[PDB]
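Cβ placement follows ideal geometry from the backbone for every residue including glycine, while neighbour counts extend to all protein chains displayed. Rule-based calculations on the coordinates, nothing more; no lab input.
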Amino acid sequence: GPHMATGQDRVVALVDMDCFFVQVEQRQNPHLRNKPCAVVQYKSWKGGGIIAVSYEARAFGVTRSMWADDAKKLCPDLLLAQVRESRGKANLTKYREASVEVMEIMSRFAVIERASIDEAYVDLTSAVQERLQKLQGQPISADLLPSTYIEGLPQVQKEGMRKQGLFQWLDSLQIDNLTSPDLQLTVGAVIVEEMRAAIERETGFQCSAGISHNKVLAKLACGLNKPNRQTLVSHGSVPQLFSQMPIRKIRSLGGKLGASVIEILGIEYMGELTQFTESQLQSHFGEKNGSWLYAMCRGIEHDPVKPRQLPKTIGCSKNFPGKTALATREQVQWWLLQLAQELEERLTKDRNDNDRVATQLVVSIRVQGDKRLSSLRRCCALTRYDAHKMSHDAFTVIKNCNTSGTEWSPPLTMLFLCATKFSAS
DNA sequence: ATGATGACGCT
DNA sequence: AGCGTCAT
Ligand SMILES: Nc1ncnc2c1ncn2[C@@H]1O[C@H](COP(=O)(O)OP(=O)(O)OP(=O)(O)O)[C@@H](O)[C@H]1O
Ligand SMILES: [Ca+2]
């Protein structure tokens with residue numbers, strides 16, 4: 001009772017750019033704005049692979065991973081923008097640079113953890129404290145939360161429902177209690193409105209966001225009202241929210257562990273986990289996983305927002321599917337050179353921008369036949385940012401994996417070069 | 001014939 | 001070190 005921690009110590013947000021690559025291409029090309037459109041990678045095989053889809057095109061059933069030729073069957077008017085191709089591979093530089101635009105704005109408000117090219121977590125606890133002292137027990141106006149949903153409220157127009165729930169929420173806040181977790185989340189949402197307004201003003205890009213007490217709840221919250229909206233998930237909203245929430249929706253439970261929770265326990269929803277002891281969960285899923293599940297199904301998680309705005313590794317990969325699999329030594333060598341040249345370009349920019357140098361090169365390949373991501377990984381020293389040296393070193397490291405040949409057997413269906421172990425410079 | 005990339009866990 | 005998992 002009085003000694004059971006409730007996981008309400010922090011205010012955490014997750015910001016997620018809406019259909020990010022589409023927004024980048026729509027900013028650049030106004031003819032794509034407010035249209036069903038998608039971004040496509042490559043072109044020859046079935047019109048290319050769709051990597052991002054505007055919300056107008058999603059209404060027709062267009063999805064990521066679909067072939068553009070197939071997407072045109074669902075949406076004949078679909079407009080397409082093509083990812084840049086350099087040295088025979090997709091080049092995502094435009095989107096990485098757009099991501100930096102957004103991340104740099106977010107960093108003005110708080111310490112961020114880059115979670116992907118277009119997501120970042122925000123630890124707002126200190127900014128909320130400061131903003132709560134600048135307020136003098138002043139009530140928070142609904143005008144300060146013009147795109148916020150309060151999950152679980154109210155308890156026949158979309159915006160009308162949003163305001164009704166927001167009104168119910170604001171009407172019961174303990175405004176004079178500076179330590180009230182619900183009040184802290186509400187101020188957190190005010191700051192996130194300001195952060196999202198600044199992103200849109202300064203880049204043209206819209207995003208969604210979740211505000212809660214931890215990263216898992218903030219990420220879940222973000223997806224509840226997309227696009228261009230933000231959602232506050234309070235501690236008290238967790239029992240009803242989790243009571244019908246498929247386990248797979250919780251971050252890290254979308255794969256084999258989540259499937260085993262469902263199968264071993266015979267449950268479907270996150271809230272059903274509360275009926276097991278911590279020891280029971282640890283017995284089925286291990287000490288770390290069981291302790292994490294025991295707390296998480298109660299809305300409690302302690303994973304910190306890591307102060308990290310830059311990636312820890314810089315990598316370049318390309319798949320070679322079906323008949324395009326690399327089957328000669330000259331082929332393997334040329335593509336390792338192509339990847340190494342793009343990697344050198346990124347590394348040199350990274351050293352100038354971010355005052356660091358990578359010291360290890362990881363080479364990963366996939367062999368025709370294995371359903372895994374990688375068949376083999378080996379490392380070597382990375383001492384000079386030179387594409388010819390890196391590709392020669394990568395070959396030497398993987399040369400012995402060749403059965404016999406001028407020929408390369410079995411053929412390679414993936415090449416991957418990753419620079420790691422950065423040191424300041 | 002998805003594809004590109006990145007974090008972190010386990011041993 | 002090298003492999004497996006999970007994610008955008
Ligand atoms: N299966 C995948 N393969 C490759 N890249 C992916 C994949 N899923 C996500 N990504 C990368 O993450 C970026 C953001 O993906 P996300 O799932 O957030 O979709 P989105 O296009 O931003 O739409 P939403 O509005 O739903 O967020 C994508 O542009 C892509 O670069
Ligand atoms: Ca996104």
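The table below gives the values:
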read-out	value
Filter result (in a strand (DSSP E or B) and either aromatic (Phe, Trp, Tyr) or away from ligand 1 (no atom under 16 Å from the Cβ) (or both)) within region A:398-417	A:407, A:408, A:409, A:410, A:411, A:412, A:413, A:415, A:416, A:417
Any chance residue A:125 is farther than 20 Å from residue A:206 by Cα, under 23 Å from the mean Cα position of the chain (by Cα), away from DNA strand B (no atom under 11 Å from the Cβ) and of a type in the set (S, T, N, Q)	yes
Region A:98-118, subset of a type in the set (D, E, K, R) and buried (at least 18 other Cβ atoms within 10 Å of the Cβ), residue farthest from residue A:130 (Cα to Cα)	A:118
Residue in region A:117-128 that is over 17 Å from residue A:189 (Cβ atoms), within 16 Å of ligand 1 (Cβ to nearest atom) and of a type outside the set (A, V, I, L, M) present	yes
Breaking point among (1) buried (at least 22 other Cβ atoms within 10 Å of the Cβ); (2) more than 25 Å from residue A:315 (Cα to Cα), for residue A:24	(2)
Lone unmet requirement of (1) away from ligand 2 (no atom under 16 Å from the Cβ); (2) surrounded by fewer than 18 Cβ atoms within 10 Å (Cβ to Cβ) for residue A:89	(2)
Per-region count, region A:1-33, residues assigned to a loop (DSSP other than H, G, I, E, B), under 17 Å from residue A:119 (Cβ atoms) and away from DNA strand B (no atom under 15 Å from the Cβ)	1
Residues located in region A:388-415, provided they are closer than 30 Å to residue A:353 by Cα and surrounded by 20 or more Cβ atoms within 10 Å (Cβ to Cβ)	A:390, A:391, A:393, A:394, A:414, A:415
Selection count, region A:234-248, where residues are crowded, with 18+ Cβ neighbours inside 10 Å, part of a helix (DSSP H, G or I) and hydroxyl-bearing (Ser, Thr, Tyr)	1
Residue match in region A:211-222 (condition: surrounded by fewer than 23 Cβ atoms within 10 Å (Cβ to Cβ), under 17 Å from residue A:297 (Cβ atoms) and more than 19 Å from the chain's Cα centre (by Cα))	no
